[PDB]
Every structure is written in structure tokens, then in C-alpha cells.
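Asker: Pasting an experimental structure with its sequence.
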Amino acid sequence: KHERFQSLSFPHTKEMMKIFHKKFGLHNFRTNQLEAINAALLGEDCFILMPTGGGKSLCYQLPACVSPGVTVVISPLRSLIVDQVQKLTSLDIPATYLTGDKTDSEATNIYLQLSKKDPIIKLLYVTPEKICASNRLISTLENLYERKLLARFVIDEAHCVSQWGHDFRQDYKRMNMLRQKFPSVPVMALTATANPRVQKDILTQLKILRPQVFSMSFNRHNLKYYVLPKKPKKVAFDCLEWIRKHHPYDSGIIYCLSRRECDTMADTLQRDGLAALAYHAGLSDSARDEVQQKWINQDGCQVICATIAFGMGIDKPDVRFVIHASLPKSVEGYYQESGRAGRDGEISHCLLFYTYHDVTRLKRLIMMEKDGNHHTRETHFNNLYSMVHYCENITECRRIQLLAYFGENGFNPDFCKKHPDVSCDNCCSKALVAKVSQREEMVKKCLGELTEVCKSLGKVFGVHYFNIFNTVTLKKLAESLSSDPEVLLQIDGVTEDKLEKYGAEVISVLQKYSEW
DNA sequence: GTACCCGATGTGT
Ligand SMILES: Cc1nc(-c2ccc(C(=O)Nc3cc(S(N)(=O)=O)cc(C)c3C)cc2)cs1
Ligand SMILES: Nc1ncnc2c1ncn2[C@@H]1O[C@H](COP(=O)(O)OP(=O)(O)O)[C@@H](O)[C@H]1O
Ligand SMILES: [Zn+2]
């Protein structure tokens, strides 16, 4: 149905193009931009799946300028709100916000401006919690609704509705109030990451029963995906070495599971002279802003070692590697966090250090949810299971796994082979370490069993177990994994007399270990 | 037996 929306003959088109050229300073629309903008200006509810950097902002900022009245944009972070409103005001588009960082007097001025006969402000940025606490905001929105000057409700990063609306920031659910208070006002949700289940969840929680859907390919052509086995007490040195070998002059992020993990990573990297800085909620906002500016400018900070708190507002185009020192809580989270790499389209690396012993820590973190119930927990456990299944899948192409998770099917299976420069690890000693480790565990169990049976025989005859078979002979018997006497006599220290005396008890379960 | 342990915002007089 996008053919009807791909038209430059609408009544709003002329003014739209005027603002697009003179106010935004652009020249050509990108993929799905014009269609989504037309659909928005036609009053339709919109759901936009567009990659980061694809141009989501314009899709709601141009209609906000064209439509009469105020467009209310709900954003999850005060940082995102201030950043976007600053960019808009620098572009000379009337926009303002009402968050916890504005003083009461400027808020009163904003309400008075909204109360004027002509509301100059086109974009009003708010948080979900502000909508669920300010009665003054609700009354102002009602005033705007009565004069038909409440344009849009925009949900920027709509996946957050499904990510924290059920158990952390329940106002993201409780904000459904707007659809009851202002049912005729259209809604537009934008996101870069959403599998079909989260898509349906976003649409149901936002009370959007018939949206126009604008989607694109989830493929990230320029990213090479890696997952490596993690040594929990050496991981810092491993990642640091990898960075030094592959990205000595490249900016990067190391995502960590805990605050102490971030501090340990930063300490190691600083101890060997890598400009790495820790970033998590434990730091003050003063220190957080300082480190963020240090990383963005590459001035004394090459790698930032951060928790999931960092990243949502960052638009650095030349991030060449993203390291997850521990596996993330979900595949959606992994896609979003690793996608912070390679916004410029150049080849980048996504390195994930995997252990299930971190899955246990993530399960502990999940069970430590203040407002979690049986269902929300169960959903998080399933997400973690899907992440572990991705980590342990050493057979399927990682791009195919990611695209199947998001429901994109018509994808070329030979992509990783046609363009090997951006190939995942699976498409490139790998599976041999398991073949060696299984044999080593087998010889360990065999040595234990042989030592125990020798101890039993020694207790029977009243001699130390070294006089039946010594340590080295038992170790050599374990390494053989055999049970044929003709080969046992080929082992140094094993004799025919000791065979004729102890063979029934020595072969014992050792004959059952012939499979390795 | 015990230490482990991410992440927002939020006001009319
Ligand atoms: C960093 C990022 N995280 C996400 C992300 C991860 C997981 C979910 C999710 O699974 N949410 C969900 C879905 C359902 S439901 N209705 O689909 O069954 C029910 C319940 C209770 C929850 C919590 C949503 C978003 C995207 S980017
Ligand atoms: N039609 C367009 N043509 C060229 N550049 C554009 C267009 N629309 C937006 N941009 C640019 O893209 C940049 C980022 O857009 P944004 O909407 O933030 O991307 P994302 O959707 O990934 O967040 C902005 O600096 C903007 O100037
Ligand atoms: Zn591949």
C-alpha cells in the first residue's frame, strides 16, 4: 500500500518540501523516509523499523513542523531529550522539553507558550514518568486537545516499551493513559531492533491496532561477528591483547556485566597504557559527562568500558570494535549493543566472550528484579536461553541466526562467503579443542577409577597401592584408554606377572572407556 | 556455609 504514500501531490507536500530544503537543509530523502512522512501527515498511526542512522528523526520532525499544534515525543532518557532538542534548536526548529532538569519558572513559561492562541513550540519532549506524574502536563495536553492542536504522540526507541514497561519502568505501560485521554491523536513508534514478538508487544502496549509498517533489512553488511571462549580470570588480558593486535588506533567499547568488572577492565587497560575509561551508574553525572566527552573526542580515551547504561545516545560513526566481556541478557540487547559498531559503513568487529558461568550471574541479576513477577521473569529467562543458544551455535552462520531471530527469511545464505572480509567466525584449532578436552576428561576419570581400585587391592593384601601400580604407570594406563592386554604390555612398567595377578581388577571399568 | 549483584524519572500556587 506504500504506492499511495509515495506521492508528491498531497496538499501538504509543498510546505513539507519547503521546510525540508530551507529549515532542515537536506536535498534527497532516504529509503522509506518520504513514504513514512506522507503517512504521518495523513494522520495514520506508524510503526517504523529503520536501522540506526537511517533517518528516523526526520520521519517525525518534519510532520511535527508541518502539522498544526504540538507533537509530543516520549523518550526514555533525559540525555537523549536534551541532545535532540539542542540539535533541533541549533537547526532553528521550535522545540522544547519538560524534564527534571528545567526549573519551575521556565516550565511555567513553556506552559504559557503552549496556552497561547498560536503554540509556537512544535516539539515537546517528555519522559514516560513525567506524563505519569504531572497533572499540569495532562491539563495542558487536554487544553491542546480541545483546540485540535495536539498533533502526534511519538515513541522514540519503542522497543523500550517492551524492554522496561513490564518490570523496571512500568510507566512505559501506564502511559497508555494517553490513548484513553486523547484517542483521536495519532501515534508513531520508531525502533531499530524488534523481533516479531517484540513488534507485536510494542503495538499492543502502545494501543496501536492498525499501523502502517515501514521496515527494512536487519542485515549489517559491514560487521564481522565473533564469539570466543572466555577465561574469567584472564579475559581482560585477552581482550586487551586482541585490541592491541587488531585495533591499536581504533575507538571501541567493552561492555561489562557489573560495575566492578568495568573498573577491573579499565584498571588493566590503563596499567598497560591503553586509554580506557570506565562508565556506569556508580559514577556521578559529572564524571559520566566528562568520560563521555573524552571518548567521543578520542582525547585520552581509546576504549570505554561500560555497562548497558552507555550507548543509547552515542552517535560515534567510527567505532571499529565492540567487546562484550560477558554475554548480554538477550539477543535483542546483543544486536543493539554490537550495532554501535560501524555506523560509517566500514568493516568492524563484534567480539563476545562467552561462558555459561556468566549465564548464572545474569540469572541472578534477573531474579534480583524489584518489580518482577512470574511472567516477566519467565520471558527474561527465555531471552537468556536464546542468547546462550546463539553463543553455543558453532555451526549456523551468525548472520543467518540473527536474521532468523528477527524474522527476515529471504536472505542470501552465501553472503558470508561472497564477502569474506566481513565474515563471521563460523563462516571462516576451533572444534578440535573439544575433541582434546573430552579425551583429557576421560583419562582423568580413568586415572581416578584405577587409583581407587588399586587402593582397594592394597587394602585387601595389606600393602600400599604403589606396590600394585605406581603413579606413573597408572597415568600411562589412563592415557592409552585401551583394554587390550597386548597393548598394555607395550606400556613401560606393565608386566605379564602383574597382568596375571591384577588384570580382572585393572581392566575393570577401563574396558568401558574404549570409546575415547 | 557466603559473596555475588545492570539499569530512569519523577511537582502548580
Ligand atoms: C536492550 C534491548 N532490550 C530489548 C528487549 C528485550 C526483551 C524484551 C522482551 O522480551 N519483553 C517482553 C515481552 C513480552 S511479550 N508480550 O512479547 O510476551 C512480555 C514481557 C513481560 C516482556 C518483558 C523486549 C525488549 C530490545 S533492545
Ligand atoms: N533525507 C536525508 N538525507 C540525508 N541525510 C539525512 C536525511 N535525513 C536525516 N539525515 C541525517 O542523518 C543523521 C542522523 O539521522 P537520525 O534520524 O538520527 O538517524 P537514526 O534513525 O539512525 O537515529 C542526521 O544528522 C541527519 O542530518
Ligand atoms: Zn557467517
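Answerer: Good, I have the coordinates. Numbering: from 1, shown residues only, chains lettered A, B, ... in the order given. Ligands and ions are numbered 1, 2, ... in the order given.
Asker: what residues does chain A put near ligand 2?
Answerer: A:26, A:28-30, A:33, A:50, A:52-58 (Cβ under 6 Å from any ligand atom). Heads up, the C-betas are built off the backbone N, CA and C, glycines and all.
Asker: Assign a three-state SS to whatever residue of the stretch 201-350 of chain A ends up closest to ligand 2, would you?
Answerer: Closest to ligand 2 within the stretch 201-350 of chain A is residue A:315: 6.9 Å, counting by Cβ to the nearest ligand atom. Under DSSP: H, G, I helix; E, B strand; the rest coil, residue A:315 falls in the coil class.
Asker: And it, how far from residue A:428?
Answerer: For residue A:315, the distance to residue A:428 (Cβ to Cβ, to the nearest Å) stands at 30 Å.
Asker: Was I right to think the residue of the stretch 201-350 of chain A closest to ligand 2 contacts residue A:343?
Answerer: Yes. In this structure residue A:315 lies within contact range of residue A:343 using Cβ atoms under 8 Å: 7.1 Å.
Asker: Not counting its neighbours along the chain, what's nearest residue A:52?
Answerer: Distances taken as Cβ to Cβ, 6 or more residues apart in numbering place residue A:192 nearest to residue A:52, at 4.8 Å, with adjacent residues excluded.
Asker: What is the burial count for the one you found?
Answerer: By the measure other Cβ atoms under 10 Å, the count of residues near residue A:192 is 20.
Asker: Tell me who's in contact with it.
Answerer: By Cβ atoms under 8 Å, 6 or more residues apart in numbering, the contact list for residue A:192 reads A:49, A:50, A:51, A:52, A:54, A:56, A:157, A:159, A:336, A:339.
Asker: can you check residue A:110 too?
Answerer: Counting by Cβ under 8 Å, 6+ apart, residue A:110 touches A:96, A:98, A:102, A:121, A:124.
Asker: if we can go back for a sec, the residues of chain A next to ligand 2 in helices, which ones?
Answerer: In this view, the residues of chain A next to ligand 2 that belong to helices under DSSP state H are A:33, A:56, A:57, A:58.
Asker: Return the member of those nearest to residue A:396.
Answerer: Residue A:396 lies nearest to residue A:56 out of these, by Cβ to Cβ, at 30.3 Å.
Asker: how close does that closest one sit to residue A:216?
Answerer: Separation of residue A:56 from residue A:216 (Cβ to Cβ): 11 Å.
Asker: Neighbour count: those two, which is higher?
Answerer: Set residue A:56 next to residue A:216 and count neighbours by other Cβ under 10 Å: residue A:56 wins out with 24 against 14.
Asker: Tell me how many other residues surround the nearest residue to that one once chain neighbours are set aside.
Answerer: With Cβ to Cβ, 6+ apart as the criterion, residue A:56 has its nearest non-adjacent residue at 4.6 Å, and that residue is residue A:190. Residue A:190 is flanked by 23 other residues according to other Cβ under 10 Å.
Asker: which element follows the host helix or strand of residue A:190 toward the C-terminus?
Answerer: For residue A:190, the enclosing helix or strand under DSSP states H and E is strand A:187-191. Of the helices and strands lying after strand A:187-191 in sequence (DSSP H and E), the nearest is helix A:196-205.
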